[PDB]
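The file structure30.txt contains compact mmCIF, C-alpha atoms and all ligand atoms:
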# COMPACT_ATOMS: atom_id res chain seq x y z
CA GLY A 21 57.38 19.56 152.91
CA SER A 22 60.64 20.86 151.45
CA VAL A 23 62.88 23.88 151.89
CA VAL A 24 62.70 26.22 148.91
CA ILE A 25 65.15 29.00 148.16
CA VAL A 26 63.34 32.32 147.90
CA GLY A 27 66.23 34.72 147.50
CA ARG A 28 70.01 35.03 147.64
CA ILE A 29 72.47 37.41 149.35
CA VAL A 30 75.86 38.36 147.85
CA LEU A 31 78.18 39.44 150.68
CA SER A 32 80.54 41.42 148.42
CA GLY A 33 77.61 43.29 147.00
CA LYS A 34 78.59 42.22 143.47
CA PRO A 35 76.18 43.84 141.01
CA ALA A 36 77.00 41.74 137.98
CA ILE A 37 79.38 40.42 135.28
CA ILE A 38 82.49 38.25 135.49
CA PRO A 39 85.71 38.40 137.59
CA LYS B 19 109.25 51.21 123.08
CA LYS B 20 107.55 50.05 126.29
CA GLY B 21 103.78 49.86 126.10
CA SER B 22 101.40 51.40 128.61
CA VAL B 23 100.25 49.48 131.67
CA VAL B 24 96.59 48.71 130.91
CA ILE B 25 93.68 48.30 133.29
CA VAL B 26 91.99 44.97 132.44
CA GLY B 27 89.75 44.69 135.49
CA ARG B 28 89.05 45.82 139.04
CA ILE B 29 88.43 44.69 142.61
CA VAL B 30 85.74 46.54 144.55
CA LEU B 31 85.97 46.77 148.32
CA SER B 32 83.11 49.25 148.77
CA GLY B 33 80.42 46.64 148.20
CA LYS B 34 78.10 45.69 151.06
CA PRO B 35 76.02 42.50 151.40
CA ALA B 36 72.99 42.71 149.17
CA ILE B 37 70.05 40.57 148.11
CA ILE B 38 70.78 39.54 144.55
CA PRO B 39 67.98 41.05 142.42
CA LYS B 40 65.69 38.70 140.55
CA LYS B 41 65.54 38.45 136.73
CA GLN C 28 75.84 35.57 136.96
CA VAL C 29 76.64 36.70 140.52
CA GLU C 30 76.46 33.97 143.14
CA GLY C 31 75.34 34.21 146.74
CA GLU C 32 76.90 32.56 149.80
CA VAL C 33 73.68 33.09 151.79
CA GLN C 34 70.35 31.59 150.63
CA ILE C 35 67.05 32.85 152.04
CA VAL C 36 64.88 29.76 152.55
CA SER C 37 61.28 28.89 153.45
CA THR C 38 59.27 25.90 154.75
CA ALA C 39 55.67 27.26 154.89
CA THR C 40 55.78 27.44 158.66
CA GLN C 41 58.79 29.76 158.56
CA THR C 42 61.46 31.63 156.61
CA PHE C 43 65.09 31.75 157.61
CA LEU C 44 68.60 31.61 156.14
CA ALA C 45 71.09 28.99 154.97
CA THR C 46 74.82 29.61 154.48
CA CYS C 47 77.09 27.67 152.12
CA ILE C 48 80.40 26.76 153.75
CA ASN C 49 82.93 24.29 152.39
CA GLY C 50 80.56 23.30 149.60
CA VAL C 51 77.69 22.51 151.97
CA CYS C 52 74.52 24.61 152.40
CA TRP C 53 74.13 24.79 156.17
CA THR C 54 71.13 25.93 158.17
CA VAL C 55 69.48 25.39 161.55
CA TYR C 56 67.65 22.16 162.40
CA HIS C 57 64.90 24.22 164.09
CA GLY C 58 63.91 25.62 160.71
CA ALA C 59 64.52 22.79 158.27
CA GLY C 60 64.45 19.82 160.61
CA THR C 61 65.16 16.87 158.35
CA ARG C 62 63.38 18.41 155.37
CA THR C 63 64.78 17.93 151.93
CA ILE C 64 65.79 20.92 149.77
CA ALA C 65 64.09 21.95 146.56
CA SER C 66 65.91 21.48 143.27
CA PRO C 67 64.97 21.72 139.55
CA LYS C 68 65.76 17.98 139.38
CA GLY C 69 63.62 17.16 142.39
CA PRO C 70 64.22 17.26 146.19
CA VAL C 71 67.73 16.61 147.51
CA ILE C 72 68.34 15.18 150.99
CA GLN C 73 70.51 16.47 153.83
CA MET C 74 74.16 15.45 153.71
CA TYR C 75 74.36 16.23 157.40
CA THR C 76 71.75 16.36 160.14
CA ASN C 77 72.75 17.07 163.73
CA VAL C 78 69.96 17.83 166.17
CA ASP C 79 72.46 17.84 169.03
CA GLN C 80 74.13 20.91 167.55
CA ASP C 81 71.02 22.38 165.83
CA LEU C 82 72.81 21.85 162.49
CA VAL C 83 71.66 20.39 159.13
CA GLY C 84 73.30 20.66 155.72
CA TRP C 85 72.63 19.79 152.08
CA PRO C 86 74.97 20.03 149.09
CA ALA C 87 75.21 23.71 148.07
CA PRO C 88 72.43 24.65 145.58
CA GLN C 89 72.79 26.51 142.30
CA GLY C 90 73.46 30.25 142.23
CA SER C 91 75.54 29.88 145.39
CA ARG C 92 79.21 30.19 146.29
CA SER C 93 80.87 28.84 149.40
CA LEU C 94 82.22 30.95 152.24
CA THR C 95 85.62 30.41 153.85
CA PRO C 96 85.93 29.53 157.53
CA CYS C 97 87.79 32.03 159.75
CA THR C 98 91.49 31.58 160.53
CA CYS C 99 92.28 34.80 162.46
CA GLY C 100 90.56 34.10 165.77
CA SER C 101 89.06 37.60 165.64
CA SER C 102 86.38 38.35 168.22
CA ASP C 103 84.92 41.35 166.42
CA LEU C 104 82.21 39.51 164.51
CA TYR C 105 79.52 40.77 162.10
CA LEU C 106 76.07 39.20 161.68
CA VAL C 107 74.30 39.43 158.32
CA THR C 108 70.49 39.45 158.54
CA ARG C 109 68.00 38.18 155.96
CA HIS C 110 67.64 41.81 154.88
CA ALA C 111 71.38 42.07 154.14
CA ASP C 112 71.90 44.24 157.24
CA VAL C 113 75.24 43.82 159.00
CA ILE C 114 75.01 43.79 162.81
CA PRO C 115 78.43 43.99 164.50
CA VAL C 116 78.73 41.52 167.40
CA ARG C 117 81.42 41.05 170.07
CA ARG C 118 82.39 37.47 170.69
CA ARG C 119 82.01 36.53 174.32
CA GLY C 120 83.04 32.96 173.55
CA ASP C 121 82.52 29.77 171.53
CA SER C 122 78.83 30.11 170.78
CA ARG C 123 77.86 33.49 172.22
CA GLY C 124 78.46 37.08 171.20
CA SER C 125 76.92 40.40 172.22
CA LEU C 126 75.58 42.91 169.69
CA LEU C 127 77.33 46.27 169.91
CA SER C 128 73.88 47.85 169.80
CA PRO C 129 70.89 45.79 170.96
CA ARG C 130 67.94 45.72 168.59
CA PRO C 131 64.30 44.59 168.75
CA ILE C 132 64.12 40.85 168.19
CA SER C 133 62.13 41.57 165.01
CA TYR C 134 65.27 43.00 163.40
CA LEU C 135 66.88 39.59 163.79
CA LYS C 136 63.82 37.52 162.86
CA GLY C 137 64.14 35.16 159.90
CA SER C 138 67.90 35.52 160.02
CA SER C 139 68.61 32.31 161.88
CA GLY C 140 70.94 30.18 159.76
CA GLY C 141 72.80 33.20 158.39
CA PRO C 142 76.56 33.73 158.92
CA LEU C 143 78.67 35.30 161.68
CA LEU C 144 81.52 36.93 159.77
CA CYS C 145 84.92 38.13 161.02
CA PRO C 146 86.68 41.31 159.71
CA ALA C 147 87.91 39.35 156.63
CA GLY C 148 84.34 38.35 155.78
CA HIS C 149 85.13 34.73 156.63
CA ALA C 150 82.66 32.42 158.34
CA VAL C 151 83.11 32.36 162.13
CA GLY C 152 79.86 30.62 162.93
CA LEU C 153 76.20 30.24 161.97
CA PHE C 154 73.60 32.47 163.71
CA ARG C 155 71.68 29.97 165.86
CA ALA C 156 69.35 32.00 168.11
CA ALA C 157 68.80 35.48 169.47
CA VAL C 158 69.30 36.08 173.21
CA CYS C 159 66.79 38.83 174.07
CA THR C 160 65.89 40.60 177.28
CA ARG C 161 62.31 41.80 176.84
CA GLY C 162 61.93 41.93 173.06
CA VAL C 163 65.34 43.51 172.71
CA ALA C 164 67.96 41.19 171.32
CA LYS C 165 71.28 42.10 172.96
CA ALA C 166 73.20 38.97 172.14
CA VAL C 167 73.08 35.90 169.91
CA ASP C 168 73.84 32.21 170.15
CA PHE C 169 75.74 30.73 167.22
CA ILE C 170 77.14 27.48 165.86
CA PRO C 171 80.93 27.92 165.59
CA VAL C 172 82.33 27.02 162.18
CA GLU C 173 84.34 24.19 163.77
CA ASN C 174 81.15 22.23 164.48
CA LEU C 175 80.44 22.32 160.77
CA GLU C 176 83.99 21.16 160.02
CA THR C 177 83.65 18.49 162.69
CA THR C 178 80.24 17.50 161.28
CA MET C 179 81.75 16.97 157.82
CA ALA D 1 84.07 45.94 158.08
CA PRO D 2 83.79 43.06 157.43
CA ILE D 3 86.05 43.46 154.41
CA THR D 4 84.42 41.98 151.32
CA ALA D 5 85.67 42.34 147.77
CA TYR D 6 84.62 41.28 144.27
CA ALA D 7 86.30 41.21 140.86
CA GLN D 8 85.13 42.24 137.42
CA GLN D 9 87.14 41.73 134.25
CA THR D 10 87.02 44.50 131.69
CA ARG D 11 89.38 43.47 128.86
CA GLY D 12 90.75 40.40 127.12
CA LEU D 13 94.08 39.76 125.36
CA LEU D 14 93.40 41.60 122.11
CA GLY D 15 91.74 44.64 123.67
CA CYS D 16 94.54 44.90 126.20
CA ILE D 17 97.27 44.69 123.54
CA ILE D 18 95.65 47.28 121.25
CA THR D 19 95.14 49.51 124.30
CA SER D 20 98.73 48.93 125.51
CA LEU D 21 100.08 50.33 122.24
CA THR D 22 97.55 53.04 121.46
CA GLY D 23 97.77 53.94 125.14
CA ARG D 24 94.17 55.11 124.99
CA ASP D 25 91.67 53.42 127.28
CA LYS D 26 88.13 54.65 127.06
CA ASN D 27 86.54 52.10 129.44
CA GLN D 28 84.93 53.28 132.68
CA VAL D 29 86.77 52.88 135.99
CA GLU D 30 85.35 51.82 139.36
CA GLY D 31 86.85 50.47 142.55
CA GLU D 32 89.93 51.08 144.66
CA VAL D 33 92.10 48.32 143.21
CA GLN D 34 92.71 47.93 139.46
CA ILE D 35 93.76 44.66 137.85
CA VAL D 36 96.62 45.98 135.76
CA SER D 37 98.59 44.38 132.97
CA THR D 38 101.56 44.95 130.68
CA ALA D 39 102.49 42.91 127.61
CA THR D 40 104.43 40.51 129.83
CA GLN D 41 102.86 40.26 133.29
CA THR D 42 99.65 41.10 135.14
CA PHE D 43 99.35 42.43 138.69
CA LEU D 44 97.42 45.06 140.70
CA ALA D 45 97.51 48.78 141.38
CA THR D 46 95.94 50.20 144.54
CA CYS D 47 94.47 53.72 144.67
CA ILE D 48 95.43 55.40 147.94
CA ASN D 49 94.68 59.09 148.47
CA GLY D 50 94.02 60.14 144.86
CA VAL D 51 97.05 58.26 143.46
CA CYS D 52 97.08 54.84 141.79
CA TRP D 53 100.21 53.13 143.25
CA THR D 54 101.76 49.86 142.13
CA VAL D 55 104.88 47.75 142.37
CA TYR D 56 107.76 49.13 140.24
CA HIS D 57 108.77 45.52 139.58
CA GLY D 58 105.71 45.18 137.38
CA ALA D 59 104.98 48.64 136.02
CA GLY D 60 108.59 49.56 135.59
CA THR D 61 108.59 53.08 134.29
CA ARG D 62 105.70 52.61 131.83
CA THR D 63 102.83 55.02 131.38
CA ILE D 64 99.23 54.13 132.17
CA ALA D 65 96.77 53.97 129.30
CA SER D 66 93.83 56.31 129.88
CA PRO D 67 90.94 57.97 128.04
CA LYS D 68 93.17 60.95 127.23
CA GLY D 69 96.06 58.76 126.07
CA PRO D 70 99.08 57.64 128.15
CA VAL D 71 99.61 59.22 131.53
CA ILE D 72 103.16 59.64 132.83
CA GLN D 73 103.99 58.51 136.34
CA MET D 74 103.79 61.03 139.13
CA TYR D 75 106.23 59.12 141.31
CA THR D 76 108.93 56.54 140.68
CA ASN D 77 111.07 55.07 143.46
CA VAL D 78 113.12 52.13 142.24
CA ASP D 79 114.64 51.54 145.67
CA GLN D 80 111.29 51.45 147.44
CA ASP D 81 109.89 49.54 144.44
CA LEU D 82 107.06 52.05 143.95
CA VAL D 83 105.47 53.93 141.03
CA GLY D 84 102.26 55.94 141.01
CA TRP D 85 100.05 57.76 138.48
CA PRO D 86 97.19 60.10 139.32
CA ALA D 87 94.30 57.74 140.14
CA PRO D 88 92.10 57.07 137.07
CA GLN D 89 88.86 59.03 136.80
CA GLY D 90 86.20 56.89 138.44
CA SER D 91 88.33 54.98 140.93
CA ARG D 92 87.75 55.29 144.71
CA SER D 93 90.72 55.79 146.97
CA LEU D 94 91.57 54.04 150.22
CA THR D 95 93.19 56.04 153.06
CA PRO D 96 96.30 55.06 155.10
CA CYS D 97 95.81 53.26 158.42
CA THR D 98 95.70 55.48 161.48
CA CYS D 99 95.36 52.90 164.26
CA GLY D 100 98.51 50.80 164.05
CA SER D 101 96.57 47.51 163.93
CA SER D 102 98.75 44.42 163.95
CA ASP D 103 96.13 42.31 162.18
CA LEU D 104 96.25 42.86 158.42
CA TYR D 105 94.09 41.48 155.59
CA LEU D 106 95.62 40.97 152.16
CA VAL D 107 93.26 41.37 149.16
CA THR D 108 94.25 39.12 146.22
CA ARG D 109 93.39 39.51 142.50
CA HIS D 110 90.64 36.94 142.86
CA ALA D 111 89.06 39.30 145.35
CA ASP D 112 89.99 37.17 148.35
CA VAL D 113 90.97 38.72 151.64
CA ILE D 114 93.38 36.51 153.55
CA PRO D 115 94.53 37.33 157.12
CA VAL D 116 98.17 38.04 157.86
CA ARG D 117 99.77 38.96 161.22
CA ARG D 118 102.14 41.94 160.99
CA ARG D 119 105.51 40.43 161.88
CA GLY D 120 107.33 43.73 161.55
CA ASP D 121 106.84 46.88 159.51
CA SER D 122 107.05 45.27 156.09
CA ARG D 123 106.39 41.59 156.87
CA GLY D 124 103.46 39.57 158.18
CA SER D 125 102.71 35.85 158.54
CA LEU D 126 99.88 34.16 156.69
CA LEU D 127 97.58 32.55 159.25
CA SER D 128 96.78 29.95 156.61
CA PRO D 129 99.64 29.17 154.14
CA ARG D 130 98.82 29.26 150.42
CA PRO D 131 100.67 28.13 147.26
CA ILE D 132 102.85 30.82 145.66
CA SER D 133 100.64 30.43 142.57
CA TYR D 134 97.78 31.79 144.62
CA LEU D 135 99.63 35.05 145.29
CA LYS D 136 100.95 35.40 141.73
CA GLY D 137 99.34 38.38 140.05
CA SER D 138 98.52 39.99 143.39
CA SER D 139 101.56 42.30 143.57
CA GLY D 140 100.60 45.90 144.23
CA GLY D 141 97.47 44.70 145.97
CA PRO D 142 96.37 46.29 149.26
CA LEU D 143 97.17 45.10 152.77
CA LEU D 144 94.22 46.37 154.77
CA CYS D 145 93.59 46.82 158.50
CA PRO D 146 90.32 45.79 160.26
CA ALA D 147 88.74 49.12 159.19
CA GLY D 148 89.64 48.91 155.49
CA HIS D 149 92.61 51.24 155.56
CA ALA D 150 95.82 50.89 153.62
CA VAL D 151 98.67 49.47 155.68
CA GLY D 152 100.81 48.32 152.79
CA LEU D 153 101.02 47.08 149.20
CA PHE D 154 101.89 43.40 148.62
CA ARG D 155 105.44 43.09 147.25
CA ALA D 156 106.88 39.59 147.49
CA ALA D 157 106.13 36.23 148.95
CA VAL D 158 108.17 34.64 151.73
CA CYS D 159 107.91 31.01 150.64
CA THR D 160 109.59 27.62 150.65
CA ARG D 161 108.85 24.37 148.80
CA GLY D 162 106.45 26.46 146.76
CA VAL D 163 104.27 27.33 149.75
CA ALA D 164 104.00 30.87 151.06
CA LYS D 165 104.20 31.29 154.81
CA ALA D 166 104.63 35.08 154.83
CA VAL D 167 104.56 38.19 152.68
CA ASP D 168 106.77 41.27 152.29
CA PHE D 169 105.02 44.51 151.59
CA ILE D 170 105.62 48.20 151.00
CA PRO D 171 104.46 50.03 154.18
CA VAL D 172 102.15 52.93 153.34
CA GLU D 173 104.73 55.21 154.99
CA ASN D 174 107.14 54.61 152.14
CA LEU D 175 104.39 56.05 149.93
CA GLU D 176 104.21 59.30 151.85
CA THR D 177 108.00 59.19 151.71
CA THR D 178 108.28 58.59 147.94
CA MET D 179 105.96 61.54 147.36
CA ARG D 180 108.04 63.77 149.62
CA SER D 181 111.08 62.24 147.94
CA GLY D 182 112.31 64.02 144.82
CA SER D 183 111.14 61.04 142.76
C1 LIG E 201 104.25 40.42 142.20
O1 LIG E 201 105.19 41.44 141.68
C2 LIG E 201 104.96 39.19 142.80
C3 LIG E 201 104.10 38.37 143.78
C4 LIG E 201 104.07 36.88 143.48
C5 LIG E 201 104.55 36.03 144.66
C6 LIG E 201 104.17 34.57 144.53
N1 LIG E 201 106.18 39.62 143.47
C7 LIG E 201 107.36 39.11 143.18
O2 LIG E 201 107.51 38.17 142.39
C8 LIG E 201 108.53 39.64 143.99
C9 LIG E 201 109.58 40.52 143.29
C10 LIG E 201 110.48 41.17 144.34
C11 LIG E 201 111.23 39.96 144.92
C12 LIG E 201 110.72 38.78 144.08
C13 LIG E 201 110.51 39.45 142.74
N2 LIG E 201 109.30 38.48 144.45
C14 LIG E 201 108.78 37.39 145.04
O3 LIG E 201 107.58 37.30 145.32
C15 LIG E 201 109.75 36.27 145.45
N3 LIG E 201 110.02 36.33 146.87
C16 LIG E 201 111.16 36.78 147.37
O4 LIG E 201 112.14 37.06 146.68
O5 LIG E 201 110.99 36.84 148.69
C17 LIG E 201 112.00 37.31 149.59
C18 LIG E 201 111.93 38.87 149.47
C19 LIG E 201 111.53 36.84 150.99
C20 LIG E 201 113.39 36.68 149.28
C21 LIG E 201 109.09 34.93 145.10
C22 LIG E 201 110.06 33.77 145.29
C23 LIG E 201 109.42 32.42 144.96
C24 LIG E 201 108.86 32.42 143.54
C25 LIG E 201 107.89 33.59 143.31
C26 LIG E 201 108.55 34.91 143.66
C27 LIG E 201 103.43 39.80 141.09
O6 LIG E 201 102.38 39.29 141.45
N4 LIG E 201 103.82 39.80 139.82
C28 LIG E 201 102.91 39.53 138.71
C29 LIG E 201 102.82 38.10 138.23
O7 LIG E 201 103.30 37.16 138.88
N5 LIG E 201 102.17 37.92 137.09
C30 LIG E 201 102.01 36.61 136.50
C31 LIG E 201 101.73 36.78 135.00
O8 LIG E 201 101.08 37.76 134.60
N6 LIG E 201 102.21 35.85 134.17
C32 LIG E 201 101.87 35.95 132.73
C33 LIG E 201 103.06 34.69 134.62
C34 LIG E 201 100.78 35.90 136.95
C35 LIG E 201 99.59 36.60 137.10
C36 LIG E 201 98.43 35.94 137.43
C37 LIG E 201 98.45 34.57 137.62
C38 LIG E 201 99.64 33.86 137.48
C39 LIG E 201 100.80 34.53 137.15
ZN ZN E 202 88.90 35.74 160.23
ZN ZN E 203 93.38 51.33 160.63
Represent the structure contained in this file as structure tokens.
Ligand SMILES: *[C@@](=O)([C]([C][C][C][C])[N]C(=O)[C]1[C]2[C][C][C]([C]2)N1C(=O)[C]([N]C(=O)OC([C])([C])[C])[C]1[C][C][C][C][C]1)C(=O)[N][C]C(=O)[N][C](C(=O)N([C])[C])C1=[C][C]=[C][C]=[C]1
Ligand SMILES: [Zn+2]
Ligand SMILES: [Zn+2]
Amino acid sequence: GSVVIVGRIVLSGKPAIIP
Amino acid sequence: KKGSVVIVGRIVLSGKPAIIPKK
Amino acid sequence: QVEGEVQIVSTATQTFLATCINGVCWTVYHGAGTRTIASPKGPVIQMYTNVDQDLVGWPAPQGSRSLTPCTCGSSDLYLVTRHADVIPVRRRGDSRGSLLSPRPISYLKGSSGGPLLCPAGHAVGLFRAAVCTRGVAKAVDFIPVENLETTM
Amino acid sequence: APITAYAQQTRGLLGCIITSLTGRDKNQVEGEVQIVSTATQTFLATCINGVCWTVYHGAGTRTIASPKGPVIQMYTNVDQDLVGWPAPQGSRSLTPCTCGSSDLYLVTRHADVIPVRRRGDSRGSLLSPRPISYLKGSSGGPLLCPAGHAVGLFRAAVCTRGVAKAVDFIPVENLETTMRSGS
């Protein structure tokens, strides 16, 4: 089989946009 | 005359780890 | 858009976590084994595989951003679960730390592979296994970040 | 804790310039640290206890552009290198450190938090040296303690050969002082 990515976690809690 | 100091961005410390929403 | 340092992965048999550090997506061998990782251009193989240390790693996937190893020697760690919960842990040494508040093993299930962060949010180690006395996890085994650096 | 930060840009060259002159900024504010800019240099301003403080070396004696036009500084202390305006509506303030921790974390304009060991009131050593270019733009940024409390504001880099080994900062106490000071 293969490992699929089902979700992602942003440690800073960044909601959106650019820096 | 000297212009005003302008806010062109921010750094947020209050954020906590979160699962990035989908879509 | 926003990028994550922690990927939540799955292999049919189980779900767990991977953590990108120094451009590599690291996870535990007991979850991925030698499996290849999914990619929109086809499966990509492990750059590193180390059964001896329970460590495997592939090149960081898309939508991810690498985490920085710790350089403060702090012993007041913080474990991030697959649910984005932060569990503060006290480092007892090298690969072991004790939760400040024990929790049912379920609360730490699927979180193996995730990161052990220091007060600066830097990577201290990779959550390897939960040490639980009767269904209550009170401590956790972890892969110090040095192993990853030594494995690279 | 752990201290995590993220950055969000809100204006480009032309919007900044127009806003710098007109002195009227109608954008929304969020966060405890604002990426601030003048017509010449860009740095940071940290909000501590309802006041947006920054390094006098960058803000000089300028006003801050706000939704109600320019806002005059509340405090100005050339000697202590401080200036402060009431914190913008929408910002979140940090609170001074009440624990005397010797382990400090510096938050840079790229939203990075790098460890520094307090070497003495207004100095601390970087545990991992960085190029001076990395710190550029980070003046007026916060120097946090393990609990996310303001210890100081980054002022200058202690460097050699172009590599920064330490950092000089404005201890939060000088803030309380400046306020009490007739300035
Ligand atoms: C801050 O105001 C800077 C921090 C940058 C440090 C790399 N602070 C200073 O430059 C201070 C002030 C007070 C003393 C001097 C001048 N200083 C220093 O950092 C110098 N250190 C020093 O004197 O140290 C001792 C006290 C130990 C003697 C240091 C010496 C080596 C060379 C660098 C200075 C700030 O960040 N200012 C804003 C800024 O740099 N902005 C620029 C910018 O806008 N432009 C357009 C160049 C910038 C922003 C973003 C990215 C790059 C550049
Ligand atoms: Zn650290
Ligand atoms: Zn404190």
For each of D:146, D:162, D:90, D:70, take the minimum atom-to-atom distance to chain C, counting only C-alpha atoms, then give the residue where this is smallest.
D:146
Around ligand ZN 202 (chain E), which protein and nucleic acid residues have at least one atom no more than 8 Å from it, if we count only C-alpha atoms and all ligand atoms? List them as a VMD selection string.
(chain C and resid 96 to 101 144 to 151) or (chain D and resid 115)
Throw together the list of residues within 7 Å of ligand LIG 201 (chain E), counting all atoms listed in the file, and drop it here as a PyMOL selection string.
chain D and resi 40-43+55+57-58+132-140+155-159+162+168
Selection file, C-alpha atoms, as a compact mmCIF listing (two decimals), in the frame of the given file:
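The resulting out_14.txt:
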# COMPACT_ATOMS: atom_id res chain seq x y z
CA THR D 40 104.43 40.51 129.83
CA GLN D 41 102.86 40.26 133.29
CA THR D 42 99.65 41.10 135.14
CA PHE D 43 99.35 42.43 138.69
CA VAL D 55 104.88 47.75 142.37
CA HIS D 57 108.77 45.52 139.58
CA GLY D 58 105.71 45.18 137.38
CA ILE D 132 102.85 30.82 145.66
CA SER D 133 100.64 30.43 142.57
CA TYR D 134 97.78 31.79 144.62
CA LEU D 135 99.63 35.05 145.29
CA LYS D 136 100.95 35.40 141.73
CA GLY D 137 99.34 38.38 140.05
CA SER D 138 98.52 39.99 143.39
CA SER D 139 101.56 42.30 143.57
CA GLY D 140 100.60 45.90 144.23
CA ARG D 155 105.44 43.09 147.25
CA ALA D 156 106.88 39.59 147.49
CA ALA D 157 106.13 36.23 148.95
CA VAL D 158 108.17 34.64 151.73
CA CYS D 159 107.91 31.01 150.64
CA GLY D 162 106.45 26.46 146.76
CA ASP D 168 106.77 41.27 152.29
What residues in chain C lie within 8 Å of chain B, counting only C-alpha atoms, written as a ChimeraX atom specification?
/C:29,31,107,110-113
Measure the distance from atom CA of residue 54 of chain C to atom CA of residue 7 of chain D in Å and round it to one decimal.
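Going from atom CA of residue 54 of chain C over to atom CA of residue 7 of chain D covers 27.6 Å.
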Which residues are near ligand ZN 203 (chain E) in this structure, taking near to mean any atom at most 8 Å from a ligand atom and counting only C-alpha atoms and all ligand atoms? Format them as a PDB file with C-alpha atoms, in the coordinates of the input.
ATOM      1  CA  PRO D  96      96.300  55.060 155.100  1.00  0.00           C
ATOM      2  CA  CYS D  97      95.810  53.260 158.420  1.00  0.00           C
ATOM      3  CA  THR D  98      95.700  55.480 161.480  1.00  0.00           C
ATOM      4  CA  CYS D  99      95.360  52.900 164.260  1.00  0.00           C
ATOM      5  CA  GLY D 100      98.510  50.800 164.050  1.00  0.00           C
ATOM      6  CA  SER D 101      96.570  47.510 163.930  1.00  0.00           C
ATOM      7  CA  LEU D 144      94.220  46.370 154.770  1.00  0.00           C
ATOM      8  CA  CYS D 145      93.590  46.820 158.500  1.00  0.00           C
ATOM      9  CA  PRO D 146      90.320  45.790 160.260  1.00  0.00           C
ATOM     10  CA  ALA D 147      88.740  49.120 159.190  1.00  0.00           C
ATOM     11  CA  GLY D 148      89.640  48.910 155.490  1.00  0.00           C
ATOM     12  CA  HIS D 149      92.610  51.240 155.560  1.00  0.00           C
ATOM     13  CA  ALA D 150      95.820  50.890 153.620  1.00  0.00           C
ATOM     14  CA  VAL D 151      98.670  49.470 155.680  1.00  0.00           C
TER      15      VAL D 151
END
Report the closest atom pair, with its distance in Å rounded to one decimal, for each residue of chain A that has an atom no farther than 6 Å from chain C; count only C-alpha atoms, sort by chain and then rising residue number, and write it as a tab-separated table.
residue	atom	partner	partner_atom	distance
A:22	CA	C:63	CA	5.1
A:23	CA	C:64	CA	4.7
A:24	CA	C:65	CA	5.1
A:25	CA	C:36	CA	4.5
A:26	CA	C:36	CA	5.5
A:27	CA	C:35	CA	5.0
A:28	CA	C:34	CA	4.6
A:29	CA	C:31	CA	5.0
A:30	CA	C:31	CA	4.3
A:36	CA	C:29	CA	5.7
Skip residue 118 of chain D itself and residues of its chain fewer than 6 positions away, then list as a list in words all residues within 7 Å of it, counting all atoms listed in the file.
residues 102, 103, 104, 124 and 125 of chain D
Taking 4 positions as the minimum chain separation for residues in the same chain, which residues sit within 10 Å of residue 60 of chain D when counting all atoms listed in the file? Answer as a ChimeraX atom specification.
/B:20,23 /D:38,54-56,76-78,81-83
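Each of D:52, D:172, D:64, D:29 was checked against chain B using all atoms listed in the file; the smallest atom-to-atom distance is that of D:64.
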Select all residues from chain A having any atom no more than 10 Å from an atom of chain D (counting all atoms listed in the file, ignoring ligands), output as a ChimeraX atom specification.
/A:30-39
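The gap separating atom CA of residue 106 of chain C from atom CA of residue 152 of chain D is 27.8 Å, in Å to one decimal.
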With distances taken over only C-alpha atoms, which residue among D:170, D:179, D:14, D:94 lies nearest residue 31 of chain D?
D:94
Gap from atom CA of residue 181 of chain D to atom CA of residue 32 of chain D - Å, one decimal:
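Separating atom CA of residue 181 of chain D from atom CA of residue 32 of chain D is a distance of 24.1 Å.
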So that I can see what lies close to residue 132 of chain C, please list as an mmCIF file with C-alpha atoms, in the frame of the given file the residues with an atom at most 6 Å from it, counting all atoms listed in the file and leaving out residues fewer than 4 positions away in the same chain.
data_model
loop_
_atom_site.group_PDB
_atom_site.id
_atom_site.type_symbol
_atom_site.label_atom_id
_atom_site.label_comp_id
_atom_site.auth_asym_id
_atom_site.auth_seq_id
_atom_site.Cartn_x
_atom_site.Cartn_y
_atom_site.Cartn_z
ATOM 1 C CA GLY C 162 61.930 41.930 173.060
ATOM 2 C CA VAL C 163 65.340 43.510 172.710
ATOM 3 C CA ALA C 164 67.960 41.190 171.320
#
Residue neighbourhood residue 129 of chain C, 12 Å, only C-alpha atoms, exclusion window fewer than 5 positions, as a PyMOL selection string
chain C and resi 114-117+124+134-135+157-167
Start from the incomplete input, build N, CA and C atoms for segment 29-34 of chain A, and deliver everything as a PDB file, in the frame of the given file.
ATOM      1  N   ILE A  29      71.717  36.243 148.880  1.00  0.00           N
ATOM      2  CA  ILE A  29      72.470  37.410 149.350  1.00  0.00           C
ATOM      3  C   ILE A  29      73.939  37.281 148.952  1.00  0.00           C
ATOM      4  N   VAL A  30      74.458  38.304 148.271  1.00  0.00           N
ATOM      5  CA  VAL A  30      75.860  38.360 147.850  1.00  0.00           C
ATOM      6  C   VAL A  30      76.587  39.264 148.858  1.00  0.00           C
ATOM      7  N   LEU A  31      77.485  38.684 149.647  1.00  0.00           N
ATOM      8  CA  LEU A  31      78.180  39.440 150.680  1.00  0.00           C
ATOM      9  C   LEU A  31      79.100  40.567 150.182  1.00  0.00           C
ATOM     10  N   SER A  32      79.656  40.412 148.985  1.00  0.00           N
ATOM     11  CA  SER A  32      80.540  41.420 148.420  1.00  0.00           C
ATOM     12  C   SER A  32      79.735  42.540 147.808  1.00  0.00           C
ATOM     13  N   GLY A  33      78.453  42.288 147.605  1.00  0.00           N
ATOM     14  CA  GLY A  33      77.610  43.290 147.000  1.00  0.00           C
ATOM     15  C   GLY A  33      77.813  43.345 145.492  1.00  0.00           C
ATOM     16  N   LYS A  34      78.356  42.275 144.910  1.00  0.00           N
ATOM     17  CA  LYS A  34      78.590  42.220 143.470  1.00  0.00           C
ATOM     18  C   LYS A  34      77.330  42.446 142.648  1.00  0.00           C
TER      19      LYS A  34
END
